[PDB]
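One file, protein07.cif, is given below (mmCIF, C-alpha atoms).
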```cif
data_input
loop_
_atom_site.group_PDB
_atom_site.id
_atom_site.type_symbol
_atom_site.label_atom_id
_atom_site.label_comp_id
_atom_site.auth_asym_id
_atom_site.auth_seq_id
_atom_site.Cartn_x
_atom_site.Cartn_y
_atom_site.Cartn_z
ATOM 1 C CA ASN A 194 -26.973 -12.032 54.770
ATOM 2 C CA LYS A 195 -26.978 -15.384 56.590
ATOM 3 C CA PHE A 196 -25.547 -16.948 53.411
ATOM 4 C CA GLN A 197 -23.418 -13.907 52.455
ATOM 5 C CA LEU A 198 -25.574 -13.276 49.376
ATOM 6 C CA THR A 199 -27.075 -10.137 47.825
ATOM 7 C CA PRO A 200 -29.695 -9.283 45.180
ATOM 8 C CA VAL A 201 -26.812 -9.187 42.697
ATOM 9 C CA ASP A 202 -26.288 -12.926 43.231
ATOM 10 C CA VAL A 203 -30.030 -13.564 42.928
ATOM 11 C CA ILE A 204 -30.199 -11.730 39.596
ATOM 12 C CA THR A 205 -27.083 -13.447 38.230
ATOM 13 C CA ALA A 206 -28.455 -16.880 39.139
ATOM 14 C CA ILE A 207 -31.876 -16.208 37.590
ATOM 15 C CA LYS A 208 -30.282 -14.979 34.364
ATOM 16 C CA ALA A 209 -28.147 -18.130 34.203
ATOM 17 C CA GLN A 210 -30.782 -20.705 35.218
ATOM 18 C CA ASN A 211 -33.849 -19.179 33.473
ATOM 19 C CA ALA A 212 -32.686 -18.740 29.885
ATOM 20 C CA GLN A 213 -32.948 -19.976 26.311
ATOM 21 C CA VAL A 214 -29.660 -21.425 25.025
ATOM 22 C CA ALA A 215 -28.909 -22.038 21.353
ATOM 23 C CA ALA A 216 -27.211 -25.319 20.493
ATOM 24 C CA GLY A 217 -27.305 -26.488 16.882
ATOM 25 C CA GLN A 218 -28.020 -29.664 14.923
ATOM 26 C CA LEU A 219 -26.938 -33.265 14.656
ATOM 27 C CA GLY A 220 -25.954 -34.003 11.077
ATOM 28 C CA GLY A 221 -26.213 -30.353 10.121
ATOM 29 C CA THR A 222 -24.811 -28.977 6.900
ATOM 30 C CA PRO A 223 -22.122 -29.205 5.692
ATOM 31 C CA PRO A 224 -22.351 -32.892 6.720
ATOM 32 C CA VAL A 225 -20.164 -35.928 6.393
ATOM 33 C CA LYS A 226 -21.675 -37.703 3.394
ATOM 34 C CA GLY A 227 -23.344 -40.924 4.470
ATOM 35 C CA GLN A 228 -25.044 -39.200 7.404
ATOM 36 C CA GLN A 229 -28.489 -40.747 7.792
ATOM 37 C CA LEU A 230 -30.124 -38.414 10.344
ATOM 38 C CA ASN A 231 -30.519 -34.663 10.799
ATOM 39 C CA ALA A 232 -32.079 -33.390 14.030
ATOM 40 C CA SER A 233 -32.163 -30.158 16.009
ATOM 41 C CA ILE A 234 -30.414 -30.105 19.367
ATOM 42 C CA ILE A 235 -32.539 -28.605 22.159
ATOM 43 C CA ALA A 236 -30.569 -27.310 25.135
ATOM 44 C CA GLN A 237 -31.635 -25.079 28.030
ATOM 45 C CA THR A 238 -35.100 -23.516 27.770
ATOM 46 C CA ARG A 239 -36.848 -21.015 30.035
ATOM 47 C CA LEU A 240 -38.343 -22.105 33.353
ATOM 48 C CA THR A 241 -42.121 -22.444 33.603
ATOM 49 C CA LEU B 14 10.599 25.311 -4.353
ATOM 50 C CA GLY B 15 10.849 21.870 -2.771
ATOM 51 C CA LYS B 16 7.104 21.606 -2.185
ATOM 52 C CA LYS B 17 6.636 21.835 -5.953
ATOM 53 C CA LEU B 18 9.096 18.942 -6.292
ATOM 54 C CA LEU B 19 7.570 16.893 -3.465
ATOM 55 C CA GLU B 20 4.192 17.032 -5.210
ATOM 56 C CA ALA B 21 5.606 16.442 -8.693
ATOM 57 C CA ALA B 22 7.460 13.359 -7.452
ATOM 58 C CA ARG B 23 4.279 12.038 -5.848
ATOM 59 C CA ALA B 24 2.155 12.607 -8.955
ATOM 60 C CA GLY B 25 4.788 10.867 -11.072
ATOM 61 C CA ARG B 26 5.383 13.838 -13.391
ATOM 62 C CA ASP B 27 8.695 13.050 -15.070
ATOM 63 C CA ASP B 28 8.964 16.318 -17.012
ATOM 64 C CA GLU B 29 7.961 18.572 -14.103
ATOM 65 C CA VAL B 30 10.569 16.948 -11.856
ATOM 66 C CA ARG B 31 13.257 17.687 -14.447
ATOM 67 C CA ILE B 32 12.174 21.302 -14.953
ATOM 68 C CA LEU B 33 12.005 21.903 -11.199
ATOM 69 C CA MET B 34 15.551 20.622 -10.691
ATOM 70 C CA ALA B 35 16.828 22.548 -13.702
ATOM 71 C CA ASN B 36 15.600 25.540 -11.671
ATOM 72 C CA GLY B 37 17.614 24.323 -8.675
ATOM 73 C CA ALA B 38 14.944 22.951 -6.345
ATOM 74 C CA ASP B 39 16.129 21.122 -3.244
ATOM 75 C CA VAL B 40 16.164 17.395 -4.023
ATOM 76 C CA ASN B 41 16.198 16.457 -0.311
ATOM 77 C CA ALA B 42 13.218 18.660 0.584
ATOM 78 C CA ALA B 43 11.141 17.094 3.369
ATOM 79 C CA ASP B 44 7.395 17.273 3.998
ATOM 80 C CA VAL B 45 5.651 17.414 7.372
ATOM 81 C CA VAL B 46 6.360 13.708 8.058
ATOM 82 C CA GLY B 47 9.973 13.856 6.858
ATOM 83 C CA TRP B 48 9.342 12.316 3.430
ATOM 84 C CA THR B 49 11.610 13.395 0.574
ATOM 85 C CA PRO B 50 10.768 13.300 -3.139
ATOM 86 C CA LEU B 51 12.628 9.979 -3.168
ATOM 87 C CA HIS B 52 10.373 8.599 -0.418
ATOM 88 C CA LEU B 53 7.267 9.513 -2.421
ATOM 89 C CA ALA B 54 8.618 8.170 -5.717
ATOM 90 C CA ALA B 55 9.592 4.916 -3.985
ATOM 91 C CA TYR B 56 6.212 4.592 -2.247
ATOM 92 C CA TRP B 57 4.057 5.233 -5.321
ATOM 93 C CA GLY B 58 6.353 3.220 -7.611
ATOM 94 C CA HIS B 59 7.785 5.864 -9.965
ATOM 95 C CA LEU B 60 11.071 4.283 -11.049
ATOM 96 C CA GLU B 61 12.002 6.977 -13.577
ATOM 97 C CA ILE B 62 11.652 9.758 -11.006
ATOM 98 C CA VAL B 63 13.730 7.687 -8.568
ATOM 99 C CA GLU B 64 16.557 7.396 -11.101
ATOM 100 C CA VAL B 65 16.359 11.053 -12.141
ATOM 101 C CA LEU B 66 16.299 12.027 -8.452
ATOM 102 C CA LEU B 67 19.338 9.932 -7.521
ATOM 103 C CA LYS B 68 21.230 11.264 -10.550
ATOM 104 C CA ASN B 69 20.795 14.768 -9.095
ATOM 105 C CA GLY B 70 22.264 13.799 -5.731
ATOM 106 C CA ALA B 71 19.161 12.645 -3.874
ATOM 107 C CA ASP B 72 20.124 11.376 -0.426
ATOM 108 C CA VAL B 73 19.426 7.660 -0.843
ATOM 109 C CA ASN B 74 19.542 7.038 2.929
ATOM 110 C CA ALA B 75 17.170 9.844 3.929
ATOM 111 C CA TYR B 76 14.862 8.810 6.768
ATOM 112 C CA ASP B 77 11.456 10.131 7.832
ATOM 113 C CA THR B 78 10.412 11.151 11.357
ATOM 114 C CA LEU B 79 10.002 7.454 12.246
ATOM 115 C CA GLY B 80 13.326 6.416 10.712
ATOM 116 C CA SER B 81 12.148 4.710 7.510
ATOM 117 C CA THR B 82 14.115 5.103 4.275
ATOM 118 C CA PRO B 83 13.001 4.931 0.636
ATOM 119 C CA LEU B 84 14.329 1.355 0.603
ATOM 120 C CA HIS B 85 11.911 0.429 3.390
ATOM 121 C CA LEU B 86 9.062 1.754 1.248
ATOM 122 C CA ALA B 87 10.124 0.214 -2.067
ATOM 123 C CA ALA B 88 10.760 -3.177 -0.476
ATOM 124 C CA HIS B 89 7.508 -3.068 1.495
ATOM 125 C CA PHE B 90 5.319 -2.302 -1.532
ATOM 126 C CA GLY B 91 6.906 -4.775 -3.947
ATOM 127 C CA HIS B 92 8.726 -2.319 -6.234
ATOM 128 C CA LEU B 93 11.499 -4.646 -7.379
ATOM 129 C CA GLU B 94 13.155 -2.339 -9.918
ATOM 130 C CA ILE B 95 13.224 0.546 -7.445
ATOM 131 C CA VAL B 96 14.842 -1.656 -4.786
ATOM 132 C CA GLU B 97 17.670 -2.548 -7.173
ATOM 133 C CA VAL B 98 18.212 1.059 -8.287
ATOM 134 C CA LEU B 99 18.281 2.250 -4.669
ATOM 135 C CA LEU B 100 20.781 -0.439 -3.657
ATOM 136 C CA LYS B 101 22.901 0.176 -6.765
ATOM 137 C CA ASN B 102 23.153 3.808 -5.591
ATOM 138 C CA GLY B 103 24.368 3.076 -2.069
ATOM 139 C CA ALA B 104 21.149 2.421 -0.138
ATOM 140 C CA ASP B 105 21.796 0.982 3.323
ATOM 141 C CA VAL B 106 20.427 -2.548 2.987
ATOM 142 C CA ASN B 107 20.356 -3.028 6.782
ATOM 143 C CA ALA B 108 18.729 0.319 7.644
ATOM 144 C CA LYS B 109 16.577 0.107 10.777
ATOM 145 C CA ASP B 110 13.630 2.386 11.461
ATOM 146 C CA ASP B 111 12.709 3.456 14.993
ATOM 147 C CA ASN B 112 11.076 0.044 15.497
ATOM 148 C CA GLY B 113 14.208 -1.843 14.478
ATOM 149 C CA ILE B 114 12.460 -2.891 11.253
ATOM 150 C CA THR B 115 14.595 -3.413 8.138
ATOM 151 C CA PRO B 116 13.639 -3.586 4.448
ATOM 152 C CA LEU B 117 14.118 -7.367 4.664
ATOM 153 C CA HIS B 118 11.536 -7.546 7.463
ATOM 154 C CA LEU B 119 9.032 -5.603 5.355
ATOM 155 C CA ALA B 120 9.672 -7.527 2.125
ATOM 156 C CA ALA B 121 9.458 -10.797 4.055
ATOM 157 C CA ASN B 122 6.169 -9.841 5.706
ATOM 158 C CA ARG B 123 4.485 -9.114 2.354
ATOM 159 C CA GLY B 124 6.014 -12.212 0.720
ATOM 160 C CA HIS B 125 7.945 -10.387 -2.022
ATOM 161 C CA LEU B 126 10.277 -13.283 -2.791
ATOM 162 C CA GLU B 127 12.137 -11.591 -5.650
ATOM 163 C CA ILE B 128 12.859 -8.518 -3.515
ATOM 164 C CA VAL B 129 14.064 -10.663 -0.609
ATOM 165 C CA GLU B 130 16.635 -12.303 -2.877
ATOM 166 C CA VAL B 131 17.952 -8.932 -4.068
ATOM 167 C CA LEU B 132 18.276 -7.730 -0.469
ATOM 168 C CA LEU B 133 20.177 -10.862 0.549
ATOM 169 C CA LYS B 134 22.335 -10.434 -2.561
ATOM 170 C CA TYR B 135 23.401 -6.994 -1.316
ATOM 171 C CA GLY B 136 24.192 -8.337 2.159
ATOM 172 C CA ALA B 137 21.043 -8.181 4.288
ATOM 173 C CA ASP B 138 21.544 -9.586 7.799
ATOM 174 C CA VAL B 139 19.058 -12.474 7.940
ATOM 175 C CA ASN B 140 19.517 -12.512 11.728
ATOM 176 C CA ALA B 141 18.593 -8.853 12.251
ATOM 177 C CA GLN B 142 15.950 -8.557 14.969
ATOM 178 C CA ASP B 143 13.293 -5.882 15.336
ATOM 179 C CA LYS B 144 12.308 -4.365 18.686
ATOM 180 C CA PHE B 145 10.357 -7.568 19.436
ATOM 181 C CA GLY B 146 13.248 -9.927 18.678
ATOM 182 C CA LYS B 147 11.773 -11.089 15.361
ATOM 183 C CA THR B 148 13.776 -11.990 12.262
ATOM 184 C CA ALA B 149 12.658 -12.226 8.660
ATOM 185 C CA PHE B 150 12.661 -15.990 9.246
ATOM 186 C CA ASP B 151 10.330 -15.689 12.239
ATOM 187 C CA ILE B 152 8.018 -13.660 9.992
ATOM 188 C CA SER B 153 8.031 -16.323 7.268
ATOM 189 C CA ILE B 154 7.222 -19.066 9.790
ATOM 190 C CA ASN B 155 4.420 -17.125 11.480
ATOM 191 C CA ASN B 156 2.941 -16.255 8.074
ATOM 192 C CA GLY B 157 3.248 -19.841 6.840
ATOM 193 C CA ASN B 158 5.128 -18.773 3.694
ATOM 194 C CA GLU B 159 6.932 -22.001 2.812
ATOM 195 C CA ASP B 160 8.724 -20.651 -0.268
ATOM 196 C CA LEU B 161 10.152 -17.755 1.758
ATOM 197 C CA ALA B 162 11.065 -19.850 4.811
ATOM 198 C CA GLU B 163 13.485 -22.051 2.859
ATOM 199 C CA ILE B 164 15.131 -19.084 1.118
ATOM 200 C CA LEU B 165 16.114 -17.901 4.626
ATOM 201 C CA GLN B 166 18.126 -21.030 5.490
ATOM 202 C CA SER C 242 -7.626 -13.558 4.040
ATOM 203 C CA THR C 243 -7.467 -17.083 5.395
ATOM 204 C CA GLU C 244 -3.714 -16.591 5.834
ATOM 205 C CA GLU C 245 -4.252 -13.725 8.277
ATOM 206 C CA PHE C 246 -6.901 -15.629 10.233
ATOM 207 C CA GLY C 247 -4.699 -18.725 10.444
ATOM 208 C CA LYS C 248 -1.904 -16.835 12.221
ATOM 209 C CA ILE C 249 -4.213 -15.400 14.881
ATOM 210 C CA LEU C 250 -2.324 -15.982 18.126
ATOM 211 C CA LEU C 251 -4.279 -18.024 20.666
ATOM 212 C CA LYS C 252 -1.557 -18.346 23.314
ATOM 213 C CA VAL C 253 2.168 -18.782 23.888
ATOM 214 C CA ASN C 254 3.331 -21.846 25.794
ATOM 215 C CA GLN C 255 5.950 -21.761 28.540
ATOM 216 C CA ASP C 256 8.570 -23.175 26.159
ATOM 217 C CA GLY C 257 7.878 -20.149 23.926
ATOM 218 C CA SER C 258 6.088 -22.297 21.345
ATOM 219 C CA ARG C 259 3.156 -20.450 19.774
ATOM 220 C CA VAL C 260 -0.365 -21.845 19.344
ATOM 221 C CA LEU C 261 -1.983 -20.267 16.275
ATOM 222 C CA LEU C 262 -5.588 -20.544 15.128
ATOM 223 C CA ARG C 263 -4.575 -22.743 12.180
ATOM 224 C CA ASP C 264 -3.182 -25.219 14.748
ATOM 225 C CA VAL C 265 -6.694 -25.923 16.109
ATOM 226 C CA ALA C 266 -8.870 -25.338 13.036
ATOM 227 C CA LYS C 267 -9.053 -25.411 9.265
ATOM 228 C CA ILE C 268 -9.410 -21.933 7.759
ATOM 229 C CA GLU C 269 -11.290 -21.499 4.491
ATOM 230 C CA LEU C 270 -13.769 -19.295 2.704
ATOM 231 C CA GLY C 271 -17.140 -21.055 2.796
ATOM 232 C CA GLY C 272 -20.830 -20.314 2.741
ATOM 233 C CA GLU C 273 -22.513 -18.436 5.555
ATOM 234 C CA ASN C 274 -24.753 -21.499 5.488
ATOM 235 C CA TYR C 275 -24.631 -24.752 3.540
ATOM 236 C CA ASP C 276 -28.340 -25.572 3.314
ATOM 237 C CA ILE C 277 -29.084 -24.654 -0.323
ATOM 238 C CA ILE C 278 -27.588 -26.442 -3.337
ATOM 239 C CA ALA C 279 -29.014 -25.819 -6.813
ATOM 240 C CA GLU C 280 -28.566 -27.491 -10.196
ATOM 241 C CA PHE C 281 -29.350 -26.343 -13.738
ATOM 242 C CA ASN C 282 -30.100 -29.330 -15.984
ATOM 243 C CA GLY C 283 -28.136 -31.563 -13.635
ATOM 244 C CA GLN C 284 -25.102 -29.212 -13.496
ATOM 245 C CA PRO C 285 -23.964 -27.228 -10.401
ATOM 246 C CA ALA C 286 -25.398 -23.726 -10.358
ATOM 247 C CA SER C 287 -26.462 -20.718 -8.363
ATOM 248 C CA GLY C 288 -29.342 -18.364 -9.001
ATOM 249 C CA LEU C 289 -31.609 -15.561 -7.861
#
```

Output the file's structure as structure tokens, nothing else.
Amino acid sequence: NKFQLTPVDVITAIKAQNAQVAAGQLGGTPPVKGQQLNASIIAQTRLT
Amino acid sequence: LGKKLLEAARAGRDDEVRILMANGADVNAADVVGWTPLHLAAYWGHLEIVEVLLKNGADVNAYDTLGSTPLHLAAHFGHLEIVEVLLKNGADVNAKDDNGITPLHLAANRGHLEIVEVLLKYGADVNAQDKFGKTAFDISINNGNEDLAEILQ
Amino acid sequence: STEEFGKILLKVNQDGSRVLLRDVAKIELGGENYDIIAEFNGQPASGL
């Protein structure tokens, strides 16, 4: 209450900041020919 | 009486349609949505039944409960020969349905270039707007139909 | 069809000009994924 927050805000923040987020790949198919590197992009992963 | 003819026109039964009118069936009979035998023949693409129906005094400008005519249907579904026959027999080329949609709008939307030309030949208002202010040209631009866009200029 | 997807309306500008999907993207039929490419005796192919 001091910060005008509720459990709704707590839940929303946890769901946003403790999550697995899909990204993609560098040089993924279909590529520009001449691409020399293909690598997965890792974005947000769950807290620990 | 007319129900027999409405079905026979739909099924495309040339003989049946003749026999039913030799017996004096109403040629402007309407079904539950206001479609006449000429509507059905135009929709399903039965040119012979269209001709034989018009010869017997079919109302060529009949409109259904939403205001669409057989010319709307024939133009919409790419039935070139039926469009010509209808127009030859006095079909309102600028007929608007309840939405303000004309046969040119419908032909334009489906990219029936040949049918568009026939409609313009018979005096279709290229600047006619539907309820949303759209012309056949607006439709051709939105659809990206280059061939049609130039024909409308 | 690609034609129908291309004319998906994204927004209308204040001048009334329309932004369609084909104005921000190329629209084509293409593989669900592009990872597998097969050849039969050196010639392009598919298979099961």

Take every atom of stretch 261-277 of chain C listed in the file, pad by 8 Å on each side, and give me the axis-aligned box centre and edge lengths in Å, one decimal, as JSON.
```
{"center_x": -15.5, "center_y": -22.2, "center_z": 8.0, "size_x": 43.1, "size_y": 23.5, "size_z": 32.6}
```

To one decimal place, how far is atom CA of residue B:89 from atom CA of residue B:116 in Å?
->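 Spanning atom CA of residue B:89 to atom CA of residue B:116 is a straight-line distance of 6.8 Å.
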
Please produce, as a tab-separated table, a per-residue contact table for stretch 242-287 of chain C versus stretch 222-228 of chain A (criterion: any atom at most 9 Å away, all atoms listed in the file considered), showing the nearest atom pair and its distance in Å to one decimal, sorted by chain then residue number.
```
residue	atom	partner	partner_atom	distance
C:274	CA	A:222	CA	7.6
C:275	CA	A:222	CA	5.4
C:276	CA	A:222	CA	6.1
```

Residue A:217 surroundings by only C-alpha atoms, 12 Å radius, close-in-sequence under 3 positions cut, as a ChimeraX atom specification | /A:214,220-222,231-236

Give as a ChimeraX atom specification the residues that the PyMOL selection byres ((chain C) within 12 of (chain B)) matches when applied to the coordinates above.
-> /C:242-250,258-264

Could you list the residues chosen by the PyMOL selection byres ((chain B and resi 100) around 12) in this structure as JSON, numbers by chain?
-> {"B": [63, 64, 67, 73, 74, 82, 83, 84, 85, 87, 88, 93, 94, 95, 96, 97, 98, 99, 101, 102, 103, 104, 105, 106, 107, 108, 116, 128, 131, 132, 133, 134, 135, 136, 137]}

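Coordinates place atom CA of residue A:241 at a distance of 24.5 Å from atom CA of residue A:218.
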